[PDB]
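Student: any chance you can model this:
(one chain, ligands or ions: 1)
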Amino acid sequence: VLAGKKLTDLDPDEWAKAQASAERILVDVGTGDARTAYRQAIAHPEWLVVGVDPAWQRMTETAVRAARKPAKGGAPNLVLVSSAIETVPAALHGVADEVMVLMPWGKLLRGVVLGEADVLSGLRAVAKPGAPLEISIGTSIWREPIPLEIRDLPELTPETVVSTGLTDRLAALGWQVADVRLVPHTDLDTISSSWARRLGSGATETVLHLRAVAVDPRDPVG
Ligand SMILES: Nc1ncnc2c1ncn2[C@@H]1O[C@H](CSCC[C@H](N)C(=O)O)[C@@H](O)[C@H]1O
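Tutor: Residues are numbered from 1 along each chain as shown. The coordinates are given below.
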């Protein structure tokens, strides 16, 4: 089930032919209005870009522009799926060569910070063996006013990630942590994109980057 301005069923046969013709498959979890996923599709035509988000109405503006003709900015290799990651359909299982969570909010953000099974399993479910997971979080959300979904949780830092046992929880659910770091002055354009913000603005923010590799699950501490 996905979008073409309207909300329709996707032909399973069209799904296999698209994946097979793709040089690479990239799944973005939590795309907002999916301008980020759209820019990537344009920048890489040979990639099959898959944006997944429960708020499907939020990504209709992108769905319209991507539905246009190549001469007017159409992106045929863009697939915007209406779904939550904890209940991702079986058609998206193990199809991604790369999974990215960029500037998450709500259930996805809280699930990542806490290391909840439902979210982490869903993220792992869509990835192929060896696929990289890229989580990027702006650290300004731990400055008042702090969003409701995280205002009862201490700030997530490179040190906190291992102390709270997030490293071992990720590894147990199939994500082997490769790198955790803060990258200050990260240009917000390179991770975040909505049709409300113009490019080349120059807005920066300290970003918590978390990189992992899809491995076999059930791998806990002793
Ligand atoms: N459990 C969940 N699974 C998948 N997506 C979720 C989710 N909980 C929240 N989201 C989505 O994640 C989105 C974050 S807004 C971020 C948009 C984009 N990454 C950008 O930087 O521009 C929200 O629109 C919300 O709909």
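
Student: only C-alpha atoms from now on, for both contacts and neighbour counts.
Tutor: Will do.

Student: correct me if wrong: residue 214 contacts residue 129.
Tutor: Yes: taking contacts as CA atoms under 8 Å, residue 214 lies within contact range of residue 129: 5.3 Å.

Student: can you show me the strands along the protein?
Tutor: 2-4, 6-8, 24-29, 47-53, 78-82, 98-102, 132-138, 175-187, 204-214 (DSSP state E).

Student: got a markdown table for the ones you listed, with mean neighbour count and distance to the ligand too?
Tutor: Converted to a markdown table, the strands of the chain look like this (neighbours: other CA atoms under 10 Å; distance: least, CA to the nearest ligand atom, whole Å):
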| stretch | mean neighbour count | distance to the ligand |
| --- | --- | --- |
| strand 2-4 | 19 | 14 |
| strand 6-8 | 12 | 16 |
| strand 24-29 | 23 | 6 |
| strand 47-53 | 24 | 4 |
| strand 78-82 | 25 | 9 |
| strand 98-102 | 23 | 4 |
| strand 132-138 | 21 | 9 |
| strand 175-187 | 16 | 12 |
| strand 204-214 | 19 | 12 |
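
Student: adding distance to residue 112, write those out as JSON lines.
Tutor: Shown next, in JSON lines, are the strands of the chain (distance: least, CA to CA, whole Å):
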{"stretch": "strand 2-4", "distance to residue 112": "24"}
{"stretch": "strand 6-8", "distance to residue 112": "28"}
{"stretch": "strand 24-29", "distance to residue 112": "12"}
{"stretch": "strand 47-53", "distance to residue 112": "15"}
{"stretch": "strand 78-82", "distance to residue 112": "20"}
{"stretch": "strand 98-102", "distance to residue 112": "9"}
{"stretch": "strand 132-138", "distance to residue 112": "9"}
{"stretch": "strand 175-187", "distance to residue 112": "12"}
{"stretch": "strand 204-214", "distance to residue 112": "10"}
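
Student: up against the ligand, what does the chain have?
Tutor: Contact residues, the chain versus the ligand (CA under 6 Å from any ligand atom): 29-32, 53-55, 84-85, 102-108, 191-194.

Student: recalculate using a threshold of 8 Å.
Tutor: By the rule CA under 8 Å from any ligand atom, the part of the chain lying against the ligand is 28-36, 52-56, 58, 83-86, 101-109, 111, 119, 191-194.

Student: out of these, list just those in helices.
Tutor: 35-36, 106-109, 111, 119 (DSSP state H).

Student: need those in a markdown table (columns: neighbour count).
Tutor: Below are these laid out as a markdown table (neighbours: other CA atoms under 10 Å):
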| residue | neighbour count |
| --- | --- |
| 35 | 22 |
| 36 | 21 |
| 106 | 12 |
| 107 | 16 |
| 108 | 25 |
| 109 | 20 |
| 111 | 19 |
| 119 | 21 |
